[PDB]
Structure formats: structure tokens, C-alpha cells
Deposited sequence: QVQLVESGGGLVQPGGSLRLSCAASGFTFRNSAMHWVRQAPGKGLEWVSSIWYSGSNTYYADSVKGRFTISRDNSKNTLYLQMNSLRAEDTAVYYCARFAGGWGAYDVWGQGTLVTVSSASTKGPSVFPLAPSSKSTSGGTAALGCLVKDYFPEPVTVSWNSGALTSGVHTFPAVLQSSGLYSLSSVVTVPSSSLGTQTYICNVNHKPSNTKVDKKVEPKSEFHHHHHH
């Protein structure tokens, strides 16, 4: 059995988007199909339902009037038309087969992420996290103000990996993302060892190498 969602992506507030979900491995015509989403760092929320036997659409209160659920059984595909999109509709969208008393949500797609934001593409700024005066020091790089996700960071072009923590991005009150990458080191190597964070932001084609000095 399988479910493959497609069509997720970046949409401005008030924009519209159609998600699709191709189903295989089961008799599609015989199954109720639902949409379930997951906002960043959040739990699961049911979005909408469509019957098989003589369809009967249902929707979460927060989406009533704005979303439409449909299906094409000749194309083994479920749709979600989303209009008047809002920032809070930002989420990973899962299609799922609903089996009710024979199984609830026994089949899940991989999810497709829908991001709703007025923010425009921007490469990050990268600032050093500077070590200073037991025998151990920390340093790193602040990778600030970029959109959209993601950014990748390495240290010394891969070669420095012990003690590295690259934290998950956070969405700032600017609607721009920010992340820090840190490394703990022997204090003695400072001034002796050269440390460089390599920062890549593909959506803006942004590539920086920043030596973090003591």
C-alpha cells in the first residue's frame, strides 16, 4: 500500500494551492480518504474527510469555507484545494486512508509541506560566536535572517565534527529564520587551530565560509 502527496510549497497569505495524493496498493474506490496536517513543532490535526460510498465532505472548523476536498477515482487521486491561505495553515500535509472500525488511519503518505508566508527569499547573515577566556572552549556561528529554510552548516569543511551542535532553526518575529551552530574545543587550540563554518543557503544561492576568531 502507498500514498504519495505532491504540490506543497511556498504560497503567500491569501494565496491558493492544490495538494494531490496518488494512491496505490489498495482499491481506492472503496476507501474513505482524509487529510491530516502537522504544523511546525506541533501535533496532528485532522483537516478534511471525503466518503467513498457517496461522498460526504467534512472539514475542520478552522478550514470550513476555505478548503475543498475532492477525489478522482479514475486517477486514484485525492485532492485538497486550499484557498485564502493563512500563515497558520503552514504545515506538513498528510493524506491518509481512513478505514474506521477496520483500521482508522492505517495508511499514510510521506507528507507534503505547505508554507504560508509573505516573506521573500533572503540569504543569511553569518556572525561568529567568539570563544574567550575547565580546559574547554565553545565557539560557533550565528546564521541569522534567512528565508526560506533550509541552511546547511559544516565546520572546517567537514573535518571538525566532534562536539558540534547545529540547532534547529527558529522562526523569528521578523518572519525570518535563524539558527546557531556551536562546537566545543580544547581551550589550548585557540589561536593555534583555525575554525571555519561553511554556510549554504540554496534557495538564495548563498554560500559563506566564516572564520570564527577568538
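Gaps without C-alpha coordinates occur at 1, 135 to 138, 220 to 229, with positions taken along the deposited sequence from 1.
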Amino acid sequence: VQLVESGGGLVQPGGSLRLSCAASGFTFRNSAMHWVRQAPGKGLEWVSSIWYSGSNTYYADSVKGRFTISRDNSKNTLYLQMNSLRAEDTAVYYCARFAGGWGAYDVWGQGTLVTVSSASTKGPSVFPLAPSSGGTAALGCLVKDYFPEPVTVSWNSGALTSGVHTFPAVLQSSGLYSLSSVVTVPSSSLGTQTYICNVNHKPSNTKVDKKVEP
From here on, numbers count along this sequence of modelled residues.
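Averaged over CA atoms, B-factors in the entry run higher in 47 to 55 than in the other of 47 to 55 and 164 to 172. Averaged over Cα atoms, the B-factor as recorded in the entry is higher for 153 to 161 than for the other of 153 to 161 and 38 to 46.
Highest CA B-factor among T68, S189, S181, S178, as stated in the entry: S189. Highest C-alpha temperature factor among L10, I196, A22, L19 per the entry: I196.
Ranked against the other modelled residues of its chain, the C-alpha B-factor of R86 as given in the entry falls in the lowest third. The deposited CA B-factor of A138 belongs to the middle third of values across its chain. The PDB entry assigns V114 a C-alpha temperature factor belonging to the lowest third of its chain's modelled residues.
Annotation for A60: C-alpha temperature factor in the middle third relative to the rest of the modelled chain, per the entry. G100: CA B factor in the middle third of modelled residues in this chain (values from the PDB entry).
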